[PDB]
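Accompanying notes for the structure given below.
Going by the order they are written in, the chains are A, B, C, D, E, F, G, H, I and J; count residues from 1 in each one.
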Amino acid sequence: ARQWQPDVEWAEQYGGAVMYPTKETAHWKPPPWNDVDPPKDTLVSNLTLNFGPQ
Amino acid sequence: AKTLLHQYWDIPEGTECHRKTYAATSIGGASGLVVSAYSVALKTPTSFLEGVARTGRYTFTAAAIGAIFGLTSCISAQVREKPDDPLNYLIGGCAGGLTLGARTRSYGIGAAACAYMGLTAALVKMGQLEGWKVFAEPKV
Amino acid sequence: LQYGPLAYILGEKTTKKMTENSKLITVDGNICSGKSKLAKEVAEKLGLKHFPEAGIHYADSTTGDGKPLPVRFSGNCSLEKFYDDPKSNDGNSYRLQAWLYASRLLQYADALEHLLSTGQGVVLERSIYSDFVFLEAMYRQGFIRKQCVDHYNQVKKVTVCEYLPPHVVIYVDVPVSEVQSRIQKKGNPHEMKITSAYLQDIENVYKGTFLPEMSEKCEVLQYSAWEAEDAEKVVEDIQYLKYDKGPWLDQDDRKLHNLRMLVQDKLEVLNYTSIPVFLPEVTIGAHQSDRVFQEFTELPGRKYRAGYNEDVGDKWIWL
Amino acid sequence: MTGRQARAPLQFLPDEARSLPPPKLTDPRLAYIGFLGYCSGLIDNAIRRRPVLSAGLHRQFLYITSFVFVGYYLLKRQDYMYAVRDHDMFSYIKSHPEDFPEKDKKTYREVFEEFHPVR
Amino acid sequence: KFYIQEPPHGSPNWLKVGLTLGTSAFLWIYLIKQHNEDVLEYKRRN
Amino acid sequence: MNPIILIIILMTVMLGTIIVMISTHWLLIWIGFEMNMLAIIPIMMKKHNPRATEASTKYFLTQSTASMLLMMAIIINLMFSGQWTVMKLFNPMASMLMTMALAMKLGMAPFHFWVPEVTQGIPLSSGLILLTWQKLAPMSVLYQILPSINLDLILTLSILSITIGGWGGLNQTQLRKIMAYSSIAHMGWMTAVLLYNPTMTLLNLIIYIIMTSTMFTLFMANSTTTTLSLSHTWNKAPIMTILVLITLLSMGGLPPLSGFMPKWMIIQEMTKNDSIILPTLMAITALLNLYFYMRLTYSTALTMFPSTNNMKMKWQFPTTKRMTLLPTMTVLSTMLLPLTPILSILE
Amino acid sequence: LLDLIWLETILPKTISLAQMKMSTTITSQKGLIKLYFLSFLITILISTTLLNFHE
Amino acid sequence: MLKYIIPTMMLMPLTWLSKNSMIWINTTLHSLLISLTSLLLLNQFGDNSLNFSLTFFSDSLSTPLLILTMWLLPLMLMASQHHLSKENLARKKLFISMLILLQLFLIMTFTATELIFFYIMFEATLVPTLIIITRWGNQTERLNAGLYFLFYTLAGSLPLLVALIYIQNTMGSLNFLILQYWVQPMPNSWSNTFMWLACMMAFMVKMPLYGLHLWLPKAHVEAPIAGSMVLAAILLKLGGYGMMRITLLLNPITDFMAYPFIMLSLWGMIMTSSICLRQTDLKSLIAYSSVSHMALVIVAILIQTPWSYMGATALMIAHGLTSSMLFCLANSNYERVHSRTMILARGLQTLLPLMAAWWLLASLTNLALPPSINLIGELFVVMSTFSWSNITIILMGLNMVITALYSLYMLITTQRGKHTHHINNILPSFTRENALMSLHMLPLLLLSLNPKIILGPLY
Amino acid sequence: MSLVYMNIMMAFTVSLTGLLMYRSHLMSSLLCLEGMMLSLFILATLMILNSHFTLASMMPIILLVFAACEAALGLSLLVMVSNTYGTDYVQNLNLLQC
Amino acid sequence: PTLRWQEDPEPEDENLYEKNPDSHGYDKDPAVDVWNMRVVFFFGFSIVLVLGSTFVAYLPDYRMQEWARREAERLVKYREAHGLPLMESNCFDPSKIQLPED
């Protein structure tokens, strides 16, 4: 409509965990939107007791 | 510290030379200790020998700035024979900035360091000469 | 609202509207086969208040006037265009997908409130879990690029992990040719034009992925094709089971209080609908949104808070 | 500037503030406060989706009353503060006048200025 | 009339509006009484 | 949680701050700081994500070592001149460790690393209460021990806090780290004035608290974490845009707007001393921190980003929270330029 | 050459790149805890014995 | 003066409580009646300035510029449609009320006794202008333009505050008269050098001088017509007004310490007139014309002759009118053809036939037409600087040659020779455009008749 | 001063270094905080006893009950971490990056 | 396979002509168009410009001009009548000075 607006590429430039790249910026990731990481990935171990012949 | 900056400002400027250069190398040793302490505190160098290399690099650059700046301070004050102008320290700050840029082996860092270090060294002598109070009044 | 902390402090609990009348049952079949026949039967013979199928204009008929708003606002789904051409790259599948997802989530939250107050328990039909199954099978036909599948996966990760899975799910199996006969004897032409391998992928994923991944959260009841009407069997099977699995054992009052305050202020539910990832089938530039938004304010009810709205009334804007 | 013999705590207006006059009715600063209360009520209508410039008239009246009342008492405190500051200052002026010299009003017949013409 | 099943408010309560009008008129009358007492205290002291 | 339990815990946070404000005995000050910590931990971890667990862990370690270092300062004070009067200390060493205890307490640039970490990993209510009250209460302690401070402490920590809180903030796109960097910037402005005229510092404290309460209520208008969410707040509501504009520029501090009253009077009764190079350097870095305010403004309220459908679905519903106290704090935080003679309301 | 390229390099680019590089050196902290407490420790020691504050 | 301030307050809720398709006439009529009551101000006589309501006073440094603002407001209020008529009601009313609040802080700036009040209303002039250009710029670098704009104007004008506060608590109050009648001459140590360099450097930023000038042309070419005209005329001539006020102190050192800015100003004047000889983008030439005139103004203020000050204030008023008008002609051509470049829209003598009369008239007032106010200002600046030094007249005359050359290039390239005959959307010129041409070029010719109104207080 | 006070302060600052620099576990860090508590306790107690300042003898016992409940809060937090991971290392805190 | 958008190519470049050929510059409502031309071409010229022209045409002696003419005439008649030199130097009397000496 003849007036310029920013686009997908601008609003993805305002993205990532940082604004400006570094020589280490490949390790930071943007946070999840619940601010909840995938919880443990090594979840539970209920104990397996062997009461032996003693 | 207060002691070595007071040693640096004790000597008239003026020609009582190379004490100025040694005091400026002490300035360089202190600045390098500060930067090296924070840098090895916030890097995990992996490993310690490379950390020794990093600390040695920062202290050597800061000491070289101090040494070259003290030499050009004394030499310019002896040549121009006017111990009150700030322009000799303007030349000194630009010379220190160029040698910082050359030890970092670039051009633009050296030129911008020339400009900013020259103007700030001019401000240092200019305020010490007219009289601007160190860090406080603290009165009203 | 007469809520907040003060309602839980004065009004004692919400445990007292439980249980064995109030519950969450959810009837899920394949398309146009297990429909509101069985849902109206279990509602009218189980004493349990019904909510209809989650179409598109539920957001139109859920607040203010129940007259549905046109598809420029509540769309731009074009469901019969989806059934006719689910292959056009103009964007007509995923938009409809995410809109149906928000529709399902909205009516799920409203039914959860109507469970947590007054009873009497509700029957849902085609709930949210069938919707991620729909995206899975729709990708099995190869209609949507994998990136956008990952976007829906992210929406599913964030939204579903705040709620409680329902008590029972009545799976209804109807085979290929019987669904195909019903859809080719219904009469809706853009439903006549549907394909069959998509229905097959619905069957395959809807067997192999839903039913293992319940695992006694959402206690299942698998029914055959003509096992409908047939009402006393589903009534006796709902009555004569016992509920021992799933997170609906113990809450006790605190979880239910948090869900009561989370279901109210429905923008709390909808805060995680727009992520955004920018999805070249989904995003809309600001010009179209702005002229559609001004024309949406020009609708005679929606403009500045229908509780206070002029030109319908209500003669109390305080002089 | 600490106590100043606070004995007698913060004491939102002390006993001594009754010797100066209060701010008048329709003083301009309290009128500013009243306009700001009006704008507060108007933006209060604006936050919720109720229509602005109507449907909040009792809230208009409440916000205007609350702000005008509070600002009235604050202006009374301000006048107390500046009165006691000048009173302390002139008391210490009259304490030791011999350490504050009154310099000689030299006329310009004898005050010389170095000229330096601007061309 | 024209609304379906959810007027959440807008049906005007009458506790809160009368309470607001009463406390606000009371607050005005208190400050005017205060200002009159201050003027007369001032002309009494001086 | 129960609402009973939270009203009790908020009452205890209030109780800790009132005990710190109210006492004349050093043990009561230490118990006040500790009780404030103890109660402020379960305001965090209102959810149960690992983000809050790690954030409360970091906050606990830094805060507890700050409290024990404060107790070390008190015990040095009574190894010397022995009385429990909260007044001038009698050792430059005791004053040194006490200022470093507060510099670990409320965040200064040698000691500030925990602040953005703890403010990101929590919900906004916990961040609100921690910034406002945890930066209110130790300023009372500084106001009580002002006559015995080596000025090099407050000078160094203040300048370094302004420039670190400035330079951090050019990179962060998260809202909460932006707000914490703004916090360290105002801690520098609220601390450097202290040995000159502390009425300025306490008025700056009231200004900063009102501003930050407005900001967190506007980010509780809907739960937003990035700036992109605020572009969607544009698309769903028009007046949140203009209030983010006005309050962001008031955090920036421009002279027609009420965020300039902290800078202006402080420069005045700072340079009725003859520190001039320090005020003009502070004001240059004050020009620096306005940039990330400005890029947030440019992101949302001035340009318009592309947006997403289902906001069509969001148009019908009200944004039906209760805003806690929004309008009063807005027009009391922004239009309050022509009442700078309410400086002297304080003492 | 004079207005556009050199004036934009010397006043906007120099200041802007200096602030951006100071940002990328300050905020680029890996999220570890031993590092931050070693910063605290050397700050304490360099404030005591080198740049004195207890005088 | 307070009777000139308070109806500008009450004019602000006009647009709010007027309904749609009725706001326009109301704002036009009422701001024009304010312009009559504005021209009623002119009571100034002889000995003193007219000083009242203790914050307020009027010189003849302030009377003509104040009338210029209170007359350039409704002209702009009319000028800024056809590019936001199709926008919404809310943003329309917000735009208009933002302009009105901009006017209010402008008049507060121009009638400032106390220089701290002056600085507050100075950056208050700044803050809405950014919102105007950034929301309605109608191009793609307007964002960067506003960002550069605010950081240049603030960071230049920031330490001016510290220097004024230092003045406030080393001498006494900052009434302009008690700044006068009390000013002690300050010697040439280095702190006096920094204080002078602080104040002068802040306003050097604002004018701009040559070394800080790319501030402006991006902000001009990426702005709406309202923000562009207020920006150019009122903001740059406000910077000059403020320098004319603050130069009354620090007299006996500025001779010694005000050399190098003259050299930077004159060489920047020649380089600016040369850089606007060869650009495309018609909109930019008027911005560089403004930089040329303001460099000449800066020469006029660094010298301290009453001839120089009379020529300075005349040059300010005349170039404000001229550059504002020629911006409006540039906007009319751009709304005819949505290009912003130059060489696409050739022709335009044949079509839009009496548009040529107004291009001719505006470009000759830029030319220094031989009775024009522009010529009067430039002439007395050249006279005073020749008395300053007998060698400066080469740069002045070379400025005159190149100024005439780029003015004529703008005339005979944009609007001369051949319609490009692939265009077919340009209409005849509307009545509003010719109305704005008339509203620009009646006061300039009336001031060409009797100009002794608007010359400086050193009369 | 004395002789004993120098050794107790030396023990304090060594405990402070052990609190600040710490390698792998967090339990040892909280335990060094407990040792610093002991040092402040013993220091204030010997001060008050040598002064025969009998009046405010509240200091050591109330100092220790409060820094005890500080340690209780700390143990709750550390066991929360060790629940939601496998160990209590300084690693697993590597997320939530600056 | 890539669109990134959903909006129309906007807008139609509506010149205001061809629908109201007697219109003035702005929007198509033909009553208020006459009202606008009315209000500017009366209350901008016929009561503003011409009245301002009369008001600055004559006004007092602006910056005290004709007063200074008549005062100069009286003083020069006085100075050349009574023998005294016209415009004596030393505008302040050097009897009222105390110069520094050596």
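Following the convention adopted for this analysis, contacts are C-beta pairs under 8 Å (C-beta built on N, C-alpha and C of every residue); 3 or more make two chains touch, one makes a residue touch a chain.
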Requested in this report: Would you kindly count the fewest steps from chain G to chain J, each step being a jump to a chain that touches the current one?
Outcome: 2
**Report entry** Chain whose average C-alpha position is farthest from chain H's own
**Finding:** I
Query raised in the report: Among all chains, which one's averaged Cα position is nearest the averaged Cα position of every protein chain shown?
Result: F
Report task. Could you compare the number of C-beta pairs in contact for G-H with that for B-H and name the larger? Result -> G-H
Query raised in the report: So what's the Cα centroid distance for chain A and chain D, whole Å?
Result: 54
**Report entry** Rounded Å distance, chain D centre to chain H centre (Cα mean)
**Finding:** 37
Report summary line: Chain centres from averaged Cα atoms put chain E and chain I apart, in whole Å, by 56
Report summary line: Residues of chain C that touch two or more other chains sit at 1, 63-64, 76, 278, 280, 283-287, 290, 305, 308, 318
Report summary line: In chain B, the residues touching two or more other chains are none
Report task. Please set out, as single numbers or ranges, the residues of chain J touching at least two other chains. Result -> 4-5, 10-11
Query - Pairs of chains, among all present, that meet the touch criterion - result: A-C, A-F, A-G, A-H, A-I, A-J, B-F, B-G, B-H, C-D, C-E, C-F, C-J, D-E, D-F, D-H, D-J, F-G, F-H, F-I, G-H, G-I, H-J
Report task. Using the touch definition up top, name the residues of chain C that touch chain E in the complex. Result -> 1, 63-66, 301, 306-308, 312-314, 316, 318
Report summary line: Residue positions on chain F within touch of chain A in the complex are 47, 49-51, 120-121, 170-174, 225-228, 231, 299, 303-306
Query raised in the report: For chain H, which residues count as touching chain A in their complex?
Result: 136, 138-140, 142, 338
Report task. Mind listing the chain F positions that touch chain H in their complex? Result -> 238, 245, 249, 254-257, 260, 264, 267-268, 271-272, 276, 279-280, 283-284, 287, 290-291, 294, 298, 302-303, 337
Query raised in the report: Contact residues on chain E for chain C in the complex?
Result: 1-4, 6-12, 17
